[PDB]
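Please read the structure below before turning to the comments.
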Number of protein chains: 2
Amino acid sequence: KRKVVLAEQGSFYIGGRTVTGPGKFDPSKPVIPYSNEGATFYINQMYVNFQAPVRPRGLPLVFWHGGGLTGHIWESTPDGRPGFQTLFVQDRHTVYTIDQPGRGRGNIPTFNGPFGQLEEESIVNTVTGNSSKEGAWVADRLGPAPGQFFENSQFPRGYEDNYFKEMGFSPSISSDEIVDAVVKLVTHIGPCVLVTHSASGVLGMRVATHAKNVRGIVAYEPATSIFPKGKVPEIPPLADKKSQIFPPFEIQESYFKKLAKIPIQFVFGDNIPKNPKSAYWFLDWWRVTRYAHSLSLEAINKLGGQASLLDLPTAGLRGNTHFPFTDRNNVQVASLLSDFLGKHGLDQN
Amino acid sequence: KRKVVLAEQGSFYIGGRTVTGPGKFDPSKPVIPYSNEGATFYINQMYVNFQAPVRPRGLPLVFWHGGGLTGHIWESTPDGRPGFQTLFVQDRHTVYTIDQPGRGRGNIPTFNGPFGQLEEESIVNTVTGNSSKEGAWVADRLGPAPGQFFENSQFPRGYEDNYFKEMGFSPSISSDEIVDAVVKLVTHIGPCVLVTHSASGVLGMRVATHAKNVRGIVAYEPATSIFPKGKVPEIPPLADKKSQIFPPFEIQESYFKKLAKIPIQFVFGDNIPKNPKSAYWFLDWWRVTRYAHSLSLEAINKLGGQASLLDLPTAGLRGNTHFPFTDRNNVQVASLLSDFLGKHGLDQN
């Protein structure tokens with residue numbers, strides 16, 4: 001189960017731009033402490049890891065972590081079981097895992113000065129945001145409140161410390177530049193499949209509208225829905241009568257239509273309520289967000305697409321969290337991904 | 001040359017602590033935007049990757065990146081050739097690579113507020129520092145000035161952008177907490193060998209004094225010298241007669257003596273001047289820093305140790321930069337590391 005045979009592996013940086021400080025660099029002057037004088041900084045580049053099996057079959061898979069995460073979540077589960085990287089190299093696919101700009105081995109754009117500031121230019125905000133353990137507990141639907149687990153839970157209980165340690169802040173890099181980095185990667189790789197999660201769901205949809213090399217998308221619990229501009233359907237507020245889900249992203253119809261040309265599957269785990277739940281903000285958030293995605297997928301299919309929503313409980317898998325690919329039944333989740341790829345011939349040469 | 005057979009691979013988080021915001025968390029209230037209210041944050045944890053071969057031999061190797069870097073530098077060279085991770089798994093060693101706290105997939109401790117600040121407490125400084133491309137060019141001895149190469153250079157020319165993109169800032173996490181994370185890793189792994197670089201040189205020496213499981217150290221161009229408390233020898237200023245090298249770290253003799261119990265090798269590349277070089281600050285810095293390390297190794301040997309300085313040109317390898325393990329001749333550099341492991345019994349069961 002753990003053995004992996006690689007024809008090759010490695011990593012590289014791709015994407016990003018440069019910004020410069022004032023003046024000129026003099027190599028006779030003290031270089032330390034570091035200065036912005038005469039400086040060139042590489043910013044917003046992306047880290048990419050790849051593992052290729054011997055005799056690959058089908059298209060490479062690009063695994064794209066959710067918000068505040070890194071490629072670690074595809075390497076191993078919190079309790080040390082194989083992640084999707086190993087499972088899909090074993091399934092004969094070349095596997096790319098990324099750390100997007102602003103996360104993990106991706107660039108965090110900061111310089112000599114207050115965080116994110118290059119002289120008088122604010123590349124990213126000095127004030128950061130970051131979820132707590134408690135916020136992530138309910139966001140990820142481990143249970144309705146911190147410390148509590150749903151009855152059917154597939155979370156690897158006992159490995160909470162490992163799990164929450166993988167999470168962190170993201171600087172305010174523009175989503176345009178994150179999309180740009182992945183478009184460049186997709187151009188480098190050739191035809192491929194994007195496998196996204198949470199915050200990278202909407203970003204992967206955007207990449208596909210800019211890159212015909214994206215031949216399929218599987219999105220695990222995407223966080224933001226996407227619609228043609230001016231055609232966002234009515235979406236109710238949350239049960240607290242005041243909150244709303246993430247504002248839907250709107251793109252021109254010419255680009256939206258490109259989503260109708262490839263197979264797209266959204267995958268949802270368990271314990272999303274069917275009815276309003278005003279006592280549990282993030283459970284109710286997930287209810288309305290999943291509803292918005294169902295309308296997004298319908299809009300794609302009305303344009304002739306091949307978009308589907310897979311609720312893991314309807315496939316016989318109970319208790320999955322927001323991270324089905326690291327839950328205890330991740331091998332079964334993986335088999336469903338393999339089924340998707342096989343159905344559309346994305347596992348054939 | 002690229003094929004790798006892994007009995008297992010994966011990654012995990014280790015070390016770190018928690019800090020807490022004020023108040024309590026209520027799951028009925030809006031969780032986004034994120035707040036420090038009722039918040040627990042995991043901070044200063046470390047990311048660890050491992051690859052184990054079939055039939056391992058000897059001790060596992062822990063590769064520890066230099067300042068502003070990540071485990072990428074052991075995975076691949078900037079031009080995409082195998083890094084030491086692959087080479088040593090092929091040599092039948094289990095290979096660990098880390099992203100230390102504050103770098104890459106390690107934690108960057110920031111919250112909801114100005115960078116590094118949790119309410120009134122500064123966990124890390126809001127003002128960052130970061131080398132420029134120009135500063136790194138001369139620090140790494142690609143050449144004497146930005147954009148210029150030494151004639152003999154082993155740098156993979158043409159891949160400068162890829163190379164500099166791997167570098168970034170580090171928040172002001174205490175070195176004590178970085179050392180603590182690796183001590184905890186070494187406790188978990190058992191007997192092992194540390195392979196360090198630049199800024200992690202002094203940190204690896206400190207880990208060895210706190211961890212008997214460290215059975216050997218190979219340090220590529222360590223940046224800070226270490227001496228027993230009160231016994232720092234005379235070290236000259238730089239050729240400009242104003243600048244100094246990094247202040248040597250001083251440790252109690254009782255701990256320093258532990259360095260005499262294991263084999264230690266410092267490895268230096270090429271183009272470090274023998275004579276004062278006032279026109280080129282970082283070339284002169286390397287001259288005096290290398291001299292300080294020669295005194296540090298001598299102090300270890302006067303306590304009965306086995307501490308050596310390997311200048312790669314004396315082994316017939318010319319032109320190496322500050323990253324010998326990603327230079328064009330990194331297979332030959334690796335061979336010298338395997339020679340060290342074999343001589344000292346570290347590649348036998």
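Letters A, B, ... mark the chains of the structure tokens in the order given; residue numbers begin at 1 per chain; ligand numbers begin at 1, in order shown.
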
List the neighbours of stretch 273-277 of chain B out to 7 Å using only C-alpha atoms; skip same-chain residues closer than 3 positions along the sequence, and give me the result as a ChimeraX atom specification. /B:239,280,283-284,287

If you keep C-alpha atoms, can you produce a file of those selected residues as a PDB file, in the first residue's frame?
ATOM      1  CA  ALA B 239      38.860  44.411   4.590  1.00  0.00           C
ATOM      2  CA  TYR B 280      33.776  42.790  -2.870  1.00  0.00           C
ATOM      3  CA  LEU B 283      33.749  37.671  -0.937  1.00  0.00           C
ATOM      4  CA  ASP B 284      35.720  39.160   1.947  1.00  0.00           C
ATOM      5  CA  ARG B 287      37.163  34.762   3.712  1.00  0.00           C
TER       6      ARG B 287
END

Give me, as JSON lines, each residue of stretch 20-86 of chain B that comes within 7 Å of stretch 318-329 of chain B, together with its shortest interatomic pair and the distance in Å at one decimal, counting only C-alpha atoms, with rows ordered by chain and rising residue number.
{"residue": "B:73", "atom": "CA", "partner": "B:326", "partner_atom": "CA", "distance": 7.0}
{"residue": "B:77", "atom": "CA", "partner": "B:326", "partner_atom": "CA", "distance": 4.8}
{"residue": "B:83", "atom": "CA", "partner": "B:326", "partner_atom": "CA", "distance": 6.5}
{"residue": "B:84", "atom": "CA", "partner": "B:325", "partner_atom": "CA", "distance": 6.8}

Selection from above, N, CA, C and O atoms, as a PDB file, in the first residue's frame, can you write it?
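This is the output file result_37.pdb:
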ATOM      1  N   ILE B  73      15.445  22.779  -2.219  1.00  0.00           N
ATOM      2  CA  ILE B  73      16.833  22.784  -2.686  1.00  0.00           C
ATOM      3  C   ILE B  73      17.457  21.402  -2.622  1.00  0.00           C
ATOM      4  O   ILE B  73      18.488  21.171  -3.269  1.00  0.00           O
ATOM      5  N   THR B  77      17.642  20.657  -8.651  1.00  0.00           N
ATOM      6  CA  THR B  77      18.448  21.839  -8.947  1.00  0.00           C
ATOM      7  C   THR B  77      17.597  22.834  -9.727  1.00  0.00           C
ATOM      8  O   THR B  77      16.523  22.483 -10.223  1.00  0.00           O
ATOM      9  N   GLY B  83      18.058  16.351  -7.097  1.00  0.00           N
ATOM     10  CA  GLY B  83      18.712  16.844  -5.930  1.00  0.00           C
ATOM     11  C   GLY B  83      19.169  15.705  -5.005  1.00  0.00           C
ATOM     12  O   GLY B  83      18.982  14.559  -5.283  1.00  0.00           O
ATOM     13  N   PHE B  84      19.752  16.090  -3.883  1.00  0.00           N
ATOM     14  CA  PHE B  84      20.297  15.087  -2.967  1.00  0.00           C
ATOM     15  C   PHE B  84      19.253  14.118  -2.397  1.00  0.00           C
ATOM     16  O   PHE B  84      19.580  13.041  -1.998  1.00  0.00           O
TER      17      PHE B  84
END

Which residues are close to residue B:281, i.e. within 7 Å by only C-alpha atoms, leaving aside same-chain residues fewer than 3 positions away? Reply as a list in words.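 My reading of the contact set: residues 27, 28, 29 and 30 of chain A; 278, 284 and 285 of chain B.
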
Residues of stretch 67-122 of chain A in strand (DSSP E) according to DSSP, as a list in words?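 Answer for stretch 67-122 of chain A restricted to strand (DSSP E) is residues 95, 96, 97, 98, 99, 113, 114, 117, 118, 121 and 122 of chain A.
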
Counting only C-alpha atoms, which residues from chain A have an atom at most 6 Å from any atom of chain B, and could you show them as a VMD selection string? chain A and resid 2 to 8 10 to 11 13 27 to 28 34 39 to 42 75 to 76 104 to 105 111 to 115 126 to 133 162 165 279 to 281

Since we have the selection now, will you write its residues out, keeping N, CA and C atoms, as an mmCIF file, in the first residue's frame?
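After the write, again.cif holds the following:
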data_model
loop_
_atom_site.group_PDB
_atom_site.id
_atom_site.type_symbol
_atom_site.label_atom_id
_atom_site.label_comp_id
_atom_site.auth_asym_id
_atom_site.auth_seq_id
_atom_site.Cartn_x
_atom_site.Cartn_y
_atom_site.Cartn_z
ATOM 1 N N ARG A 2 2.038 1.170 0.582
ATOM 2 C CA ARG A 2 2.863 2.366 0.704
ATOM 3 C C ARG A 2 3.929 2.505 -0.369
ATOM 4 N N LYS A 3 4.189 1.413 -1.046
ATOM 5 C CA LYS A 3 5.243 1.424 -2.023
ATOM 6 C C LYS A 3 4.928 2.217 -3.259
ATOM 7 N N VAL A 4 5.898 2.960 -3.733
ATOM 8 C CA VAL A 4 5.715 3.866 -4.862
ATOM 9 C C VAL A 4 6.944 3.777 -5.758
ATOM 10 N N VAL A 5 6.730 3.598 -7.061
ATOM 11 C CA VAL A 5 7.815 3.508 -8.038
ATOM 12 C C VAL A 5 7.736 4.719 -8.959
ATOM 13 N N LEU A 6 8.782 5.550 -8.944
ATOM 14 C CA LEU A 6 8.798 6.801 -9.698
ATOM 15 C C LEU A 6 9.811 6.713 -10.829
ATOM 16 N N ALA A 7 9.350 6.945 -12.062
ATOM 17 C CA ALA A 7 10.283 7.147 -13.168
ATOM 18 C C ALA A 7 11.119 8.408 -12.964
ATOM 19 N N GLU A 8 10.536 9.432 -12.345
ATOM 20 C CA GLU A 8 11.271 10.644 -12.000
ATOM 21 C C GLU A 8 10.440 11.447 -11.014
ATOM 22 N N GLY A 10 10.615 15.596 -8.907
ATOM 23 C CA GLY A 10 11.362 16.818 -8.709
ATOM 24 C C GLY A 10 10.430 17.958 -8.388
ATOM 25 N N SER A 11 10.996 19.159 -8.382
ATOM 26 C CA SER A 11 10.182 20.343 -8.178
ATOM 27 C C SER A 11 10.830 21.512 -8.897
ATOM 28 N N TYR A 13 10.038 26.121 -9.728
ATOM 29 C CA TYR A 13 9.287 27.355 -9.566
ATOM 30 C C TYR A 13 8.800 27.827 -10.927
ATOM 31 N N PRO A 27 28.505 46.376 -4.687
ATOM 32 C CA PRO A 27 29.013 45.165 -4.012
ATOM 33 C C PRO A 27 30.148 45.415 -3.028
ATOM 34 N N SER A 28 30.692 46.633 -2.943
ATOM 35 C CA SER A 28 31.705 46.944 -1.939
ATOM 36 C C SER A 28 31.110 47.396 -0.610
ATOM 37 N N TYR A 34 20.156 43.597 5.175
ATOM 38 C CA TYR A 34 19.656 43.652 3.809
ATOM 39 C C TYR A 34 18.938 44.964 3.553
ATOM 40 N N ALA A 39 17.693 46.898 -5.357
ATOM 41 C CA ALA A 39 17.139 45.580 -5.292
ATOM 42 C C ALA A 39 16.176 45.107 -6.295
ATOM 43 N N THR A 40 16.294 43.849 -6.671
ATOM 44 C CA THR A 40 15.325 43.210 -7.486
ATOM 45 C C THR A 40 14.752 42.067 -6.625
ATOM 46 N N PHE A 41 13.436 41.989 -6.536
ATOM 47 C CA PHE A 41 12.774 40.923 -5.786
ATOM 48 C C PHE A 41 11.872 40.126 -6.714
ATOM 49 N N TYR A 42 11.978 38.803 -6.655
ATOM 50 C CA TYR A 42 11.028 37.930 -7.332
ATOM 51 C C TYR A 42 9.826 37.716 -6.418
ATOM 52 N N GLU A 75 -0.028 14.817 0.098
ATOM 53 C CA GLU A 75 1.069 13.887 0.344
ATOM 54 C C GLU A 75 0.685 12.829 1.368
ATOM 55 N N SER A 76 0.074 13.252 2.470
ATOM 56 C CA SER A 76 -0.206 12.366 3.589
ATOM 57 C C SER A 76 -1.441 12.886 4.302
ATOM 58 N N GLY A 104 2.923 28.210 1.622
ATOM 59 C CA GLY A 104 3.977 27.211 1.693
ATOM 60 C C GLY A 104 5.231 27.624 0.952
ATOM 61 N N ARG A 105 5.680 26.797 0.007
ATOM 62 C CA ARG A 105 6.899 27.097 -0.729
ATOM 63 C C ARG A 105 6.678 28.118 -1.840
ATOM 64 N N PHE A 111 9.630 42.398 2.102
ATOM 65 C CA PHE A 111 10.884 43.039 1.725
ATOM 66 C C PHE A 111 11.599 43.529 2.970
ATOM 67 N N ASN A 112 12.283 44.665 2.878
ATOM 68 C CA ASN A 112 12.870 45.303 4.045
ATOM 69 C C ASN A 112 11.963 46.470 4.415
ATOM 70 N N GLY A 113 11.186 46.287 5.475
ATOM 71 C CA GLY A 113 10.160 47.231 5.846
ATOM 72 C C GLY A 113 8.945 46.524 6.410
ATOM 73 N N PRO A 114 7.904 47.289 6.745
ATOM 74 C CA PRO A 114 6.659 46.674 7.224
ATOM 75 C C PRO A 114 6.172 45.623 6.237
ATOM 76 N N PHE A 115 5.616 44.531 6.774
ATOM 77 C CA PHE A 115 5.232 43.382 5.958
ATOM 78 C C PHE A 115 4.490 43.791 4.694
ATOM 79 N N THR A 126 -0.193 44.851 5.076
ATOM 80 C CA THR A 126 0.529 44.586 6.317
ATOM 81 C C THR A 126 -0.359 43.914 7.352
ATOM 82 N N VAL A 127 -1.653 44.210 7.339
ATOM 83 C CA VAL A 127 -2.583 43.563 8.260
ATOM 84 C C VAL A 127 -3.001 42.232 7.646
ATOM 85 N N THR A 128 -2.792 41.147 8.384
ATOM 86 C CA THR A 128 -3.140 39.821 7.899
ATOM 87 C C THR A 128 -4.459 39.334 8.498
ATOM 88 N N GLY A 129 -4.980 38.266 7.906
ATOM 89 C CA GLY A 129 -6.073 37.523 8.501
ATOM 90 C C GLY A 129 -5.701 36.056 8.546
ATOM 91 N N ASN A 130 -6.295 35.340 9.502
ATOM 92 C CA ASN A 130 -5.977 33.928 9.652
ATOM 93 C C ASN A 130 -7.038 33.263 10.507
ATOM 94 N N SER A 131 -7.537 32.104 10.075
ATOM 95 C CA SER A 131 -8.522 31.377 10.866
ATOM 96 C C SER A 131 -7.874 30.821 12.129
ATOM 97 N N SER A 132 -8.683 30.637 13.159
ATOM 98 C CA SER A 132 -8.281 29.903 14.345
ATOM 99 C C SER A 132 -8.504 28.405 14.154
ATOM 100 N N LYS A 133 -7.964 27.625 15.095
ATOM 101 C CA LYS A 133 -8.319 26.216 15.192
ATOM 102 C C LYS A 133 -9.829 26.045 15.270
ATOM 103 N N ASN A 162 -1.698 17.495 14.350
ATOM 104 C CA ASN A 162 -1.108 17.376 13.019
ATOM 105 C C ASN A 162 -1.950 18.104 11.984
ATOM 106 N N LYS A 165 -2.005 21.994 12.319
ATOM 107 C CA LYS A 165 -0.678 22.567 12.082
ATOM 108 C C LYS A 165 -0.394 22.802 10.598
ATOM 109 N N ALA A 279 -28.141 27.952 14.604
ATOM 110 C CA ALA A 279 -27.238 27.772 15.735
ATOM 111 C C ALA A 279 -25.796 27.513 15.310
ATOM 112 N N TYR A 280 -25.558 27.157 14.045
ATOM 113 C CA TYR A 280 -24.237 26.702 13.604
ATOM 114 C C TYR A 280 -23.919 27.391 12.281
ATOM 115 N N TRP A 281 -23.250 28.541 12.389
ATOM 116 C CA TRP A 281 -23.089 29.447 11.257
ATOM 117 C C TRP A 281 -22.472 28.747 10.057
#

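When only C-alpha atoms are used to measure the gap to residue A:345, the shortest distance among A:200, A:296, A:263, A:291 belongs to A:263.
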
Go through B:304, B:313, B:23, B:230 and flag the residue nearest residue B:251, using only C-alpha atoms for the distances.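 Going through B:304, B:313, B:23, B:230 one by one, the smallest distance to residue B:251 is for B:230.
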
Just checking: using only C-alpha atoms, which residue out of B:148, B:122, B:100, B:213 ends up closest to residue B:177? B:100

Give me, please, the distance in Å between atom CA of residue A:262 and atom CA of residue A:196, quoted to one decimal.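 These atoms are spaced 15.0 Å apart.
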
Using only C-alpha atoms, which residues sit within 6 Å of stretch 218-226 of chain B once same-chain residues fewer than 4 positions away are excluded, as a list in words? residues 195, 196, 197, 198, 199, 201, 202, 246, 248, 249, 250, 264, 265, 266, 267, 268 and 293 of chain B

If you measure from atom CA of residue B:348 to atom CA of residue B:88, what distance in Å do you get, rounded to one decimal?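 So the two atoms, atom CA of residue B:348 and atom CA of residue B:88, lie 14.0 Å apart.
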
Just list as an MDAnalysis selection string whatever in stretch 14-243 of chain B DSSP marks as alpha helix (DSSP H). chainID B and resid 72:75 84:90 133:139 160:165 175:189 199:210

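Nearest-residue note for residue B:124: choosing from B:214, B:192, B:295, B:173, the minimum distance belongs to B:173, counting only C-alpha atoms.
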
Ranking B:255, B:98, B:142, B:121 by minimum distance to residue B:194 and counting only C-alpha atoms, which one comes first?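 Closest residue, counting only C-alpha atoms: B:98.
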
Calculate how many Å separate atom CA of residue B:217 from atom CA of residue B:299, rounding to one decimal.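 Atom CA of residue B:299 lies 16.0 Å from atom CA of residue B:217.
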
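Taking only C-alpha atoms, the non-local environment of stretch 186-189 of chain B within 10 Å (same-chain residues fewer than 4 positions away omitted) comprises residues 14, 59, 60, 61, 62, 96, 180, 181, 182, 193, 194, 207, 208, 210, 211, 212, 213 and 214 of chain B.
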